[PDB]
Amino acid sequence: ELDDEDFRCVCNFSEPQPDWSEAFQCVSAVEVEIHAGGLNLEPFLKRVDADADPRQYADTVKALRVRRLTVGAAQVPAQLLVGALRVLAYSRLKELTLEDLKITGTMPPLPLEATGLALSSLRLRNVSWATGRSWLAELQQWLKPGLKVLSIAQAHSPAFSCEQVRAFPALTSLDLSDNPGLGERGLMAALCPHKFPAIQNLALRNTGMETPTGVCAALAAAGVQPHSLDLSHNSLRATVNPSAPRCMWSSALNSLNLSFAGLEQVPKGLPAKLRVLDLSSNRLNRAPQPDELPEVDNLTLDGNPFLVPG
């Protein structure tokens, strides 16, 4: 129905003919989600097809403290989803989240200038599109340049056309977690070069990769200098497998996470400088030799087979 305790919403639906009208209960709330449970929004056409600024559907959102939006079950044609994006451009919204959708149709070109919105931390999970090879680039046309955080999880044909993608001036973080099929090569063809110029925190979790050395080379090969870096869910190994004449580790690279993995012994290509190094829940063997350890700063360790006896 619509349960909220003075700080959220849900609008958990499922019925064969959703009476969305109750939605207005959780208006002007900061956090808000709109479930739908395997819905087909293809007969739902109205209203948004005379969408922008009238004398009725425009100033109602001149200031509507809804900063965090989630829309996680429906199936939206692109002809309208963009509509929802456009109206909100007026409003005060920052984080947008699509989850388990399926965009159909084909996305329309934009008339005037940047009618888009100042999205802050746009996230994506299991969302499928139309012109699959190019969905971000097309979607960018309705986002304001100011973007801080990108999380992209799940897909079908992971790739995107990193060639008409524009700017990303300040994409601070970047999360490509939960894509068990990205890989070190898929990675280089993920973060387009001379694009994503400024990347601080950087999550690359369960993307099904192996050794760090490849990642060291791949980021240098690409064109990024990360700060934090998360790998907390891969099948990691330990070798000198080609190549590493001197793995050009990104100097100012900092906080590294290697928790929860098939980590056998500590690998190679570990820069001697960090800030924080997490590593719990591993399958390790005693020694902290310089042959198997860079100078830490502070290592949180709560799992591991060191805290084993019992």
# chains A, B, ... in the order shown; residues from 1 in each chain; ligands from 1

$ residues_around --residues "stretch 90-100 of chain A" --least-positions-apart "2" --cutoff "10 Å" --atoms "only C-alpha atoms" --output "VMD selection string"
chain A and resid 28 30 to 31 33 to 35 37 to 38 52 to 53 58 to 75 85 to 88 102 115 to 128 147 to 149 151 153 to 154

$ select_by_dssp --residues "stretch 43-96 of chain A" --states "alpha helix (DSSP H)" --output "PyMOL selection string"
chain A and resi 78-90

$ residues_around --residues "residue A:105" --least-positions-apart "3" --cutoff "10 Å" --atoms "only C-alpha atoms" --output "ChimeraX atom specification"
/A:42,76-80,108,129-131

$ closest_residue --among "A:141, A:258, A:233, A:132" --to "residue A:112" --atoms "only C-alpha atoms"
A:141

$ residues_around --residues "residue A:204" --least-positions-apart "4" --cutoff "12 Å" --atoms "only C-alpha atoms" --output "MDAnalysis selection string"
chainID A and resid 150:153 173:184 186:187 190:191 208:210 212 215 219 226 228:234 256:258

$ closest_residue --among "A:253, A:192, A:268, A:199" --to "residue A:214" --atoms "only C-alpha atoms"
A:268

$ residues_around --residues "stretch 275-289 of chain A" --least-positions-apart "5" --cutoff "6 Å" --atoms "only C-alpha atoms" --output "JSON, numbers by chain"
{"A": [254, 255, 256, 257, 258, 259, 260, 263, 264, 265, 297, 298, 299, 300, 301, 302, 303, 304, 305]}

$ select_by_dssp --residues "stretch 252-282 of chain A" --states "strand (DSSP E)" --output "PyMOL selection string"
chain A and resi 256-257+277-278
